[PDB]
């Protein structure tokens, strides 16, 4: 409940984490009673000996999807798209009779029917991408099962912006980042910010995300710990956004579209009821579970955002591990960015500890 007690909690938790996990650098933000608190440890660049700072850019990985979803939300609020619109209405070259009956909703929530996790790295232009989606054969009926995938929500992000007349990067920059004043959040890191761009570390070597089709939509975002705290404050309490389309899209990103056990699938965001049991999110965060194919029960109409929720997303790249969580009712939140990927269960357990102490 003080500036120093928060520090003590966060340190007691993070110091052993970095120690036993071999994390060169971490940056962590804690929103407590609406105010943000920031913490840094370690190096962003070992060779050049650069310390981690509140300006250091980390690769977010899958967390980028939360920016995808909200943008989609925004595009919904603008009247440009409806989640009930068929996928083929925005990419009419997808003529396969298996795509008949797949709507933007299903792409957004990984319920298309088993769309593959990753776009094959050999799919390097949008022609190969069209062929790839054309020859995909569904495992299930739309709406029957949830299979977490980059291809699905990536295509959702790519198609949601089509009516905008802008590219995904451009539309995001204009309709999300700039209105919310995230001047340290990038799909493409400009060369003059490259000293703040931490290096990820995979078995000792320094790495950055490799470009891929739809990388911006699924896993290509990089940001500082302050920009991420602002992102969490905006999604946690969006009443202070002047842009009503964005206000609304943020609300829709946390709408509850499907029920998977005790988890509710938003647009990118993933929600559980607060209070909750750690084991749920901890065990579920494991890549063996979070990537599984799980039966989904439709929620129609989608339940509006629930304030008594634990809203979160994990995301990792070759050399980075990142986790975001917040409880709107409690006005509480945590951002964790590390230039080294470590098991999502450990990440979530640490975040849970910290936030449980601070409630």
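Numbering follows the first chain given and starts at 1.
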Is the mean CA B factor in the deposited entry higher across 239-247 or across 280-288? 239-247
Comparing average C-alpha B factors as deposited, tell me which of 176-184 and 266-274 sits higher. 176-184
Peak C-alpha temperature factor (PDB record), options 219, 132, 156, 257: 132
I'd like to know which of 223, 84, 151, 98 has the highest C-alpha temperature factor in the PDB entry. 98
Quick check on the deposited entry: does the C-alpha B-factor of residue 310 sit in the lowest, middle or highest third of its chain? middle
Taking the chain's C-alpha temperature factors as the reference, tell me which third residue 192 falls into: lowest, middle or highest. highest
Where does the C-alpha B-factor of residue 90 rank in its chain, lowest, middle or highest third? highest
Chain thirds by Cα B factor, record data; residue 298 belongs to the lowest
What third of its chain, lowest, middle or highest, does the C-alpha temperature factor of residue 52 fall into? highest
